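One chain follows as structure tokens, the form deposited in one PDB entry.
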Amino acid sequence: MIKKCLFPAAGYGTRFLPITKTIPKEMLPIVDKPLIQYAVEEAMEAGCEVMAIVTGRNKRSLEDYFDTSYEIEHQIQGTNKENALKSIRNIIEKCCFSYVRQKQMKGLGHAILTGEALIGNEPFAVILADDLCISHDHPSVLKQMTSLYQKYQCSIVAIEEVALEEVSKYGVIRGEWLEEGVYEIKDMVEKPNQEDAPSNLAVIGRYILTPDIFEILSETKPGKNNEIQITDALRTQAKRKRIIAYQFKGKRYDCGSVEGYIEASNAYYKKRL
């Protein structure tokens, strides 16, 4: 039962400067919940008990959010806003948190590698708080994955279809159909050109990796900005053995860009009715 979930949060959020200079990206709110909370809730719902978070520059806000705020929950008690803290409070009492500082920030590659100090040798989950996913009366994307994992016992990378045009700015899969939405990764091509792309199935910020990935990342030569492309690592692993590519159910808003963030907040404002 996947017990740990690794949240890479050392990113700089350059697209959101200047606020992202003091408030870590993962803390930007949707309507009033920080991005990171959706992410932890999703994971907790998938059965994870330990939330291993990789922090960067401003981690104070991150770590503090998951600390039990005694003051306001009492100074809000007996009022009509104790409902607002029910959820977060739940996570805090039911989850265990661990942290580790990302060395010289080198993307998602070293984030997972750095996080080995939090996971150790055991399969684990990985969530990108920036990929805000919601499931239309379906289990949270991660739960769909932990469940799938119980059957495949291997690394699972969540994929989704993008417009054949959009393909150039994604990590694309090329696998063997196996089941209703399951595939066997056979290769992965980072940001491929329209006529090279082996498919319209893009990789999303949701993984379930087997411990060996660590060792692999550790062997991956770094590219631009000595970033360790996970696609390289996964491709490496994929060529070694069977690993799944799963087409999750639900919607994903890319809160990576300012556009997605806005789109993301409106939808959720509308949700509230």
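Each residue number is its position in the shown sequence, starting from 1. Whichever C-alpha set is largest while still superposing within 1.5 Å between the two forms counts as the rigid core.
The form deposited with a small molecule bound exists for this protein as well; it is not shown, and the discussion that follows is about that form.
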message: Quick check for you: of 197-205, 86-94, 117-125, 138-146, which stretch puts a non-hydrogen atom within 4.5 Å of the small molecule in the deposited complex?
response: 197-205
query: Out of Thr236, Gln229, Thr210, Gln247, which one falls within 4.5 Å of the small molecule in the deposited complex, going by heavy atoms?
result: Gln229
field: Sole residue of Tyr183, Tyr152, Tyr99, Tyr170 within 4.5 Å of the small molecule in the deposited complex, by heavy atom
entry: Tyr170
query: Does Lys106 make contact with the small molecule in the deposited complex, using a 4.5 Å heavy atom cut-off?
result: yes
- prompt: Does the small molecule come within 4.5 Å of any heavy atom of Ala9 in the deposited complex?
  reply: yes
message: How about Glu190 - does it come within 4.5 Å of the small molecule in the deposited complex, if we only consider non-hydrogen atoms?
response: yes
- prompt: Would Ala111 sit within 4.5 Å of the small molecule in the deposited complex, counting heavy atoms only?
  reply: yes
task: Would you indicate which listed residue, out of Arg89, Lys169, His138, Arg101, moves its Cα by 2 Å or more between the shown form and the other one relative to the superposed core?
output: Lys169
- prompt: Quick one: core overlaid, is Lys186 moving 2 Å or more at the Cα between the shown form and the other one?
  reply: no
- request: Could you tell me whether the Cα atom of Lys224 shifts by at least 2 Å between the shown form and the other one after core superposition?
  value: yes
query: Just checking, between the shown form and the other one and with the core aligned, does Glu195 shift 2 Å or more at the CA?
result: yes
